[PDB]
Structure formats: structure tokens, C-alpha cells
Amino acid sequence: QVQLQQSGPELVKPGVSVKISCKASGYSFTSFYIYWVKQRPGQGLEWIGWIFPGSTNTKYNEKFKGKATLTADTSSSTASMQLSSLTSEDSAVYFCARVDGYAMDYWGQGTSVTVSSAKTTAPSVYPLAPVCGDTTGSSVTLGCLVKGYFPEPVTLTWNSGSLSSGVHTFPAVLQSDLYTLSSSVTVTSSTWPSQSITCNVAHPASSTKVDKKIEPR
Amino acid sequence: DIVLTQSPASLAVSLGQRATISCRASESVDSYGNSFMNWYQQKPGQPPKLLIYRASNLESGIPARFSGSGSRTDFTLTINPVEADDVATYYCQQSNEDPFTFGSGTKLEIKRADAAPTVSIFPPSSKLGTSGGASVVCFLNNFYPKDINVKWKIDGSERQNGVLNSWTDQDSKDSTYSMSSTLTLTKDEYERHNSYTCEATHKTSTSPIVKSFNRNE
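Conventions used here
- Residues numbered from 1 in each chain as written, not as in the entry; some residues may be left out.
- Chains lettered and ligands numbered in written order.
- Part of a larger assembly, values for the part shown.
- Heavy atoms only, no water.
- Helix = DSSP H or I, 4+ residues; strand = E, 2+ residues; numbered from the N terminus.
- Rg over C-alpha atoms; globule rule 2.2 N^0.38 Å.
- Buried < 20%, exposed > 50% of the residue type's maximum accessible area, 1.4 Å probe, protein only.
- Domains from an automatic or database assignment.
- Contact = heavy atoms within 4.5 Å.
- Buried area = accessible area lost by both parts, 1.4 Å probe.
- Salt bridge = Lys/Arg side-chain N within 4 Å of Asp/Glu carboxyl O.
- Polar contact = N/O pair within 3.5 Å; in protein donor to acceptor, adjacent residues only side chain to side chain.
- Pairing = 2+ DSSP bridges.
- Axes fitted to C-alpha atoms, helices over the stretch in contact; angles between N-to-C directions.
- Disulfide = S-S within 2.5 Å.
- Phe/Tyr/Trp six-rings, centres within 6.5 Å; stacked < 30°, edge-to-face > 60°.

This entry, as listed in the PDB, derives from cryo-EM and reports a resolution of 16.0 Å.

Set out below in C-alpha cells:
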């Protein structure tokens, strides 16, 4: 089972280098090429360079030559990319891809790097119960508000992941150097508030795991 | 280095119909004998998935309905028939020489029957008041098409300052859109006024769906 496991999200200050790791499992690490691809948010794909885990052999894109350096450790079977002095135009999603000539077969999740020079802030979770008044019926919706956090992302979960079918998770939009994001779950009136529906919110930078039960107001 | 352009930039195709995607090249990638053109499918939040390599040869696990063709500079990808889970941005990449370049992007979207949004208004939580904030949330779930405008009204008068909007990507099953709007206000501004209405105009009906709540309860 061929897999590529990339590291988590990254928040960096301008003028600081960063290493991005890509763990490979399910195949012989030293026999296949590994290509690296950059993705500017809301834009296309950019090839950065390839690395052959066997021995020191790399070819880079001329646009990335003096910025990206590729290394691979054979013992840990991990491909690593260092990006020197990150700017505003470097805040992107970086991918690692396994290539068997001449197409990229397997991919990693992609590490979201944001630069970004702001302070890391704690998220605030708020439960959204239906409008005041003892029920309405048929099928009622529930919401979860995550107000004022930095940086991306926030993983939203409902009841640990059991009721994840009628869920609308909304992409985060930046306002005054702060991110805001919401999620809504639509369920039948028979299963609420008879069945306890909880909001699970996780944030990596602040290291906060706030769990809030939605109770009628 | 080798410019790859994709036409059209965006196409709308009904469920079960044929979609044509072109990929023009600035240099002949088919050099040496065979075409070195690859095709990818990328859903939002996910890495690109290889569909067809060398214009003709499909990757194992990819259905036969995904068909690619072309030689020299002109290349085409077709999906027949299309399904609900085909909502993605498709890319063509080239090997050959010399720094590897991706295409230009062509977003696929599905046309279906027009749907009316189920509007749900949510008052600020009791924990928001303690922190000093007041955010009124309004969810518009499962509607078609994407074109929709949300207008906030406080005590009969429109408010445009502090409105945060976010639109979701097309559903992988329903092929519908969803939107959320929030009035980022303070506790001081919230307690002065009483009525808060969430209004949305759509192509489905001339009358706007108005969902409102009173603080008086």
C-alpha cells in the first residue's frame, strides 16, 4: 500500500527557512523519483524540483533554484524540502509526489504554509441553538461558530465523526488579520434534543481542543 | 517554460452528458515518438489525482469513461458520461523538456434543476455576550445556482459594515451550493436595537426569503 505522509500546517515569519518532511511507506524508497509541487491559493500548480533518494541528484526549476533545496534520508525513508527566506508570495500549499516515469502516481496531503507575520491567537467556540422558543419541528439545523483565530486551519467534527453526512463546513475568510469559520449540521427533529449532538473543534497552533454541547436556549 | 493553455476556463455540463477539455502546447511534447502529456483531477482540499498518462493510457483504478486524446501540441480530455463526484479542477501536465509545467486550469461544474435555499437564522450565544462580542449567523443550505445575495437588516434598516461571507464548493453528491453570512458586531451595538432580519434573493423566486428574530423573545 503506497502512501505519502506529509507534515502538518506551518506558520513562519519572513526571512526564516523551513523544512517540510514527506514520509514514504509501502514501496522501496530509493528506487523512485520524488517530485515537489507548489500551489498558490486559488491558482495553478508549479513544479519545484525532483530528487532521487538513492544518491545526491537533483534538478530544480530556474524560478526556484536559489530558494528550494532537496534532501532525502534513506534510513527514515523521508523526503525533505527546505525553503530559504520565505516571502509573501511563498504562502502556498506544497506537495510531495511519487513519480514512476513520467507521471506523478501517488501524492501527499500537502502542507499549507502561511506567511503571514501576525501573532498566533486562540479560537473561540460558540454553540448555535435554534431561535428562542420551544422547538418548531420537521427538521432543525444546528451551527458552530469559531470566532477570531490565527492561523489556518481548524478541523471541525460533529460527535467525534459519527454524524458527518448532513454537514456544511465553510472555508475560512480573513478579516482584520483574523480568520473566521462556521459549520452547520442539519438533522431530523426526532433525534434532537433526544440524542446529544456535540461540536468538536481543534486548533494546532494554540493547541486547543474545545468541545461544546449544543443545548436549547 | 513550455506554456500549457486550457480551453475553456470553465464549463457547465448536465449530469450524464459529455464534456470536452482542450490543452494547447507552446512546444510539441510528443517528441522522440510518443506523447508525454498527463492529466489530473483535483478536488478542493485534496491533492491532484492522475487520470491519464501519455494522452491515451489511463491509470489503474480510473474508469474508462475518462478518455484523453491528442498529439504534438493539441490535446483533449473528455468525460462521458459525467457524474456528481466529477466536480474538480482538471489539469494537463507535460514531461519531455525541460522544467516540468502544469496546464492552466479548467473548472468543471454541473447543471441541474434549480433549488431554493433553506434559510436558518441564529442569534448570538450567551458566551458571546460575556466576551463582549455579538455575531448573528445565517445559513443558506443546498441551493442552485451559486448566484445569491444576502442583505442584513437591523430594525428595518440595512447594514453592510461587518458582514462576513463564505461560499462552499459544489457538493459531491447533491451538486448544490451553500453560503453563510455573519454580522460581526459588539455587545454595545447589539443591545441598542431589537429586530434582526436575514434576507436572500434567488432566481427560484421573486420574493426574498426573510428569516428574522427578536431579542425580546
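**Describing the overall build of chain B**
Regarding its fold elements, chain B presents 2 helices and 18 strands. Whereas a compact globule of 217 residues would reach a radius of gyration of roughly 17 Å, chain B reaches 24 Å, over 25% beyond that. Across its three principal directions, the C-alpha atoms of chain B cover 75 × 35 × 30 Å. Considering chain B as a whole, with its 217 residues, one finds that 45% of them fall into the buried category.

**Some points on the domain arrangement of chain A**
When its domains are assigned, chain A resolves into domain 1 (3-114) and domain 2 (124-213). Between domain 1 of chain A and domain 2 of chain A, the C-alpha centre-to-centre distance is 33 Å.

**Some points on the interface of chain B and chain A**
Taken residue by residue, the interface counts 42 residues in chain B and 43 residues in chain A. Between chain B and chain A lies a buried interface of about 3500 Å² when both sides are counted; carbon and sulfur atoms form 66% of it. Its largest share of buried area at the contact with chain A, chain B owes to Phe100, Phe102 and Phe122 of chain B, together 17% of the area lost on that side. Taken together, chain B and chain A are joined by 0 salt bridges. Where chain B packs against chain A, one counts 12 residue pairs in polar contact. Elements represented by at least two residues in the side of chain B that touches chain A include exactly β4 (37-42), β5 (49-53), β9 (89-94), β11 (118-122), α1 (126-131), β12 (133-143), β15 (163-167) and β16 (177-186) of chain B. Ranked by residues supplied to the side of chain B that touches chain A, first place goes to β12 of chain B with 5 residues.

**Overview of the sheet that holds strand β14 (residues 155-158) of chain A**
Residue and element names in this part refer to chain A. Spatial strand order, β14-β18-β19: 3 strands in an open sheet with antiparallel pairing. A strand with exactly one partner marks an edge of an open sheet, and here the two such strands are β14 and β19 (208-213). Recorded for the sheet is a direction-independent mean angle of 15 degrees between the axes of neighbouring strands. Strand direction decides the pairing type here: β14 and strand β18 (residues 198-203), joined by 4 bridges, are antiparallel. Paired with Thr157 across the bridge in β18 is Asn200.

**So, the state of the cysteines**
Enumeration over the complete set of coordinates arrives at 4 disulfides over all chains. In this model, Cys144 of chain A is linked to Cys199 of chain A through a disulfide, with the two sulfur atoms separated by 2.0 Å. Measuring handedness by torsion sign, the sulfur bridge of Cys144 of chain A and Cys199 of chain A sits at about -115 degrees and is left-handed. One end of the pair, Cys144 of chain A, is in strand β13 (residues 139-149); the other, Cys199 of chain A, is in strand β18, with 55 residues separating them in the sequence. With respect to burial, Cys144 of chain A and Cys199 of chain A carry one shared label: buried. Here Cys138 of chain B engages in a disulfide with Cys198 of chain B; their sulfurs sit 2.0 Å apart. On the sign convention where negative is left-handed, the bridge of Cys138 of chain B and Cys198 of chain B, at about -95 degrees about the S-S bond, is left-handed. Remark: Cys198 of chain B occurs in strand β17 (residues 195-201) and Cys138 of chain B occurs in strand β12; sequence separation between them is 60 residues. Note on accessibility: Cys138 of chain B and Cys198 of chain B belong to one class, buried. Sequence-ordered numbering of the bonded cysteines in chain B gives a pairing of 1-2, 3-4. The connectivity of the disulfides in chain A is 1-2, 3-4, where the numbers refer to bonded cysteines in sequence order. Considering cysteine sulfurs only, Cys138 of chain B is the nearest to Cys132 of chain A, which forms no disulfide, with 18 Å between them.

**Some words on the domain arrangement of chain B**
All names here are of chain B. Each assigned domain of chain B is listed here: domain 1 (4-111) and domain 2 (118-214). The C-alpha centroid of domain 2 is placed 38 Å from the C-alpha centroid of domain 1. Taken together, the 8 residues of domain 1 in the interface contact 9 residues of domain 2. Both faces considered, domain 1 and domain 2 share a buried interface measuring about 570 Å² in area, 48% of it formed by carbon and sulfur atoms. For the domain 1 face of the interface with domain 2, the top three residues by lost area are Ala84, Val87 and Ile110, together amounting to 56%.

**Describing the side chain of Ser166 of chain B**
Tracing the backbone shows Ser166 of chain B in strand β15. Among the polar contacts listed, one links the side chain of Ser166 of chain B to the side chain of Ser180 of chain B, at a separation of 2.8 Å.

**Side note on the sheet that holds strand β8 (residues 74-79) of chain B**
Each strand in a sheet pairs with another by means of backbone hydrogen bonds, the pair being arranged parallel or else antiparallel. All names here are of chain B. In spatial order, the strands read β1-β3-β8-β7; together these 4 strands make up an open sheet with antiparallel pairing. Every interior strand has two partners, whereas the edge strands, β1 (4-7) and β7 (66-71), have only one. Going across the sheet, the axis of each strand differs from the next one's by a mean of 20 degrees, ignoring polarity. Two elements, β7 and β8, share 6 bridges in a ladder whose sense is antiparallel.

**Some words on the packing of aromatic side chains**
All names here are of chain B. Applying the stated criterion across every chain yields a total of 17 aromatic pairs over all chains. When the centroid spacing of 5.9 Å and the interplanar angle of 50 degrees are considered together, the rings of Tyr40 and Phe102 count as tilted. Of this pair, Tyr40 sits in strand β4 while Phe102 sits in the loop between β9 and β10 (106-111), placing them 62 residues apart in sequence. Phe102 gets classed as buried once you look at its relative accessible area, which sits at 5%. Their ring planes at 15 degrees and their centres at 5.5 Å tell us that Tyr196 and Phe213 sit as a pair that is stacked. Residue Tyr196 is found in strand β17, and its partner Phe213 is found in strand β18 (residues 209-214); the two are separated by 17 residues along the sequence. Comparing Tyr196 with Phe213, the two get one shared label, buried.

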